[PDB]
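Below: the structure, in structure tokens.
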Amino acid sequence: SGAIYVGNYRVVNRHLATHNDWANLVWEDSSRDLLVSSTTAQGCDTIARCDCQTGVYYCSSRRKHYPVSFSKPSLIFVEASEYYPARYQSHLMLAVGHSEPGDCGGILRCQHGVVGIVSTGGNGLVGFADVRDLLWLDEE
Ligand SMILES: CC(=O)Nc1cccc2cc[nH]c12
Ligand SMILES: CC(=O)Nc1cccc2cc[nH]c12
Ligand SMILES: [Zn+2]
């Protein structure tokens, strides 16, 4: 589990969005496994605006923050999960590291702020759904 709270937006894995997230939908993209919903309260998080390829992610299945190198956001074939059939996932960054399904929502951070959230993995990889291209999360 996990979310990003920036301005009056909540950014979650689409596959973990709640009833309230759908009722209060701002934007979602199945191919990215992202959903953004509106919030009452102001969030404290900053979104990175950068092309960093190094950062730190939170892995709930290890209770550990791991420094990683990751690929630039790309279109990657992802095997079937509980939530999606086997398909190409877009805006996805890969790193060598530990990931289990319930690690989804773990934040990946760089010096500039939030880079993305855990969305995929296994096989000794972790995949993050990038948010840095979503410039509108910084306004309105
Ligand atoms: C932009 C980018 O990928 N830079 C990068 C690479 C490796 C380490 C660090 C520490 C800060 N930035 C780092
Ligand atoms: C959607 C989903 O289940 N994502 C996910 C994240 C991290 C690791 C794994 C291993 C299978 N699936 C994973
Ligand atoms: Zn950065």
Side-chain angles (χ1 to χ4, degrees):
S1 58
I4 307 160
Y5 297 95
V6 53
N8 288 284
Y9 301 118
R10 165 174 146 92
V11 183
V12 294
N13 297 88
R14 191 180 183 277
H15 73 267
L16 298 184
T18 68
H19 147 133
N20 183 71
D21 285 320
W22 288 111
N24 294 286
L25 178 64
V26 171
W27 166 89
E28 54 84 15
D29 182 328
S30 178
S31 80
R32 294 180 71 147
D33 187 35
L34 291 181
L35 181 149
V36 174
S37 59
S38 60
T39 66
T40 44
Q42 296 231 224
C44 292
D45 293 324
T46 296
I47 309 298
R49 299 302 174 192
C50 65
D51 66 356
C52 288
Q53 281 193 259
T54 65
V56 173
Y57 84 101
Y58 179 61
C59 174
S60 75
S61 62
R62 297 281 182 268
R63 296 193 185 110
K64 279 224 180 62
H65 303 251
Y66 291 105
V68 285
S69 298
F70 51 93
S71 56
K72 288 181 173 186
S74 354
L75 191 69
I76 301 291
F77 199 66
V78 175
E79 290 308 311
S81 65
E82 179 184 346
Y83 301 96
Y84 300 102
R87 70 193 188 153
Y88 286 95
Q89 186 160 325
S90 61
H91 298 264
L92 187 67
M93 305 169 288
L94 294 178
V96 176
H98 187 64
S99 193
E100 297 179 30
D103 292 323
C104 293
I107 284 174
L108 174 66
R109 69 186 64 259
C110 69
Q111 63 190 93
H112 304 108
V114 174
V115 177
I117 55 173
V118 173
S119 174
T120 73
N123 246 9
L125 306 177
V126 52
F128 314 92
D130 183 55
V131 297
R132 291 173 293 183
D133 66 320
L134 301 176
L135 304 189
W136 51 271
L137 286 174
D138 299 346
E139 64 217 326
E140 126 78 18

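Count residues from 1 along the sequence. Counting convention: from 1, in listed order, for ligands and their atoms alike. Values below: every heavy atom of this structure, side chains too, minus hydrogens, waters and symmetry copies.
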**Request:** Find all atoms of ligand 2 within a distance of less than 4.0 Å from any non-hydrogen atom belonging to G122, and give their numbers and elements.
**Result:** 8 (C), 9 (C), 10 (C)

**Message:** Could you tell me if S37 and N24 have a donor-acceptor pair between their side chains, going purely by distance under 3.5 Å?
**Reply:** no

**Request:** Have a look at ligand 2 and work out which part of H15, if any, has a heavy atom under 4.0 Å from it: side chain, backbone, both or neither.
**Result:** side chain

**Request:** Consider every N or O of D51 and every N or O of ligand 1, then say whether any pair is closer than 3.5 Å.
**Result:** no

**Request:** Using only heavy-atom distances, determine whether the side chains of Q89 and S119 contain a donor-acceptor pair under 3.5 Å.
**Result:** yes

**Residue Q111 vicinity, atoms of ligand 1 by number, heavy atom under 4.0 Å** = 11 (C), 12 (N)

**Side chain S74, main chain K72, donor-acceptor under 3.5 Å** = yes

**Prompt:** To which of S69, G55, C52, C110 does the heavy atom nearest atom 1 (C) of ligand 1 belong?
**Reply:** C52

**Message:** Quick check against the 3.5 Å criterion: does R49 have a side-chain atom that pairs as donor or acceptor with the backbone of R132?
**Reply:** yes

**Matching residue for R87 among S30, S31, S81 - test: side chain to side chain donor-acceptor pair (under 3.5 Å)** = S30

**Prompt:** In the protein, what heavy atom is nearest to atom 10 (C) of ligand 2, and what distance, to one decimal place, separates them?
**Reply:** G121 O, 3.4 Å

**Fill in**
The closest protein heavy-atom partner of atom 5 (C) of ligand 1 is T54 OG1, 3.2 Å

**Prompt:** Step by step, would you call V114 with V11 a side-chain contact (heavy atoms from CB on, under 4.5 Å)?
**Reply:** CA-CA 11 Å; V114 174; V11 183; over 6 Å; no

**Asked** Of all the N, O or S atoms in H112, which one sits nearest to the Zn ion (ligand 3)?
**Response** ND1

**Prompt:** Which residue holds the protein heavy atom closest to atom 4 (N) of ligand 2, what is that atom called, and what is the gap in Å?
**Reply:** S119 O, 2.9 Å

**Item:** atom 12 (N) of ligand 2: nearest protein contact (heavy atom, Å)
**Value:** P101 CG, 3.8 Å

**Request:** For the atoms SG of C50 and SG of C110, give the angle they form at the Zn ion (ligand 3), rounded to 10 degrees.
**Result:** 110°

**Request:** Look at atom 7 (C) of ligand 2 and find which of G102, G105, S99 reaches it with the closest heavy atom.
**Result:** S99

**Asked** Are any side-chain N or O atoms of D45 and backbone N or O atoms of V6, one a donor and one an acceptor, separated by less than 3.5 Å?
**Response** no

**Message:** Between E28 (side chain only) and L34 (backbone N and O only), is there a donor and an acceptor less than 3.5 Å apart?
**Reply:** no

**Request:** Give the numbers and elements of all ligand 2 atoms closer than 4.0 Å to a heavy atom of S81.
**Result:** 1 (C), 3 (O)

**Message:** Taking a cutoff of less than 4.0 Å between a non-hydrogen atom of the residue and any ligand atom, is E82 in contact with ligand 2?
**Reply:** no

**Request:** Measure the distance from atom 3 (O) of ligand 1 to every protein heavy atom, then report the residue, atom name and distance (to 0.1 Å) of the closest one.
**Result:** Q53 N, 2.9 Å

**Complete:** For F128 and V118 the tightest heavy-atom approach is CE2-CG2, 3.7 Å

**Asked** With a 4.0 Å cut-off on heavy atoms, does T120 reach ligand 2?
**Response** yes

**Message:** Using modelled atom types and a 3.5 Å cut-off, is there a donor and acceptor pairing between side-chain atoms of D29 and backbone atoms of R32?
**Reply:** yes

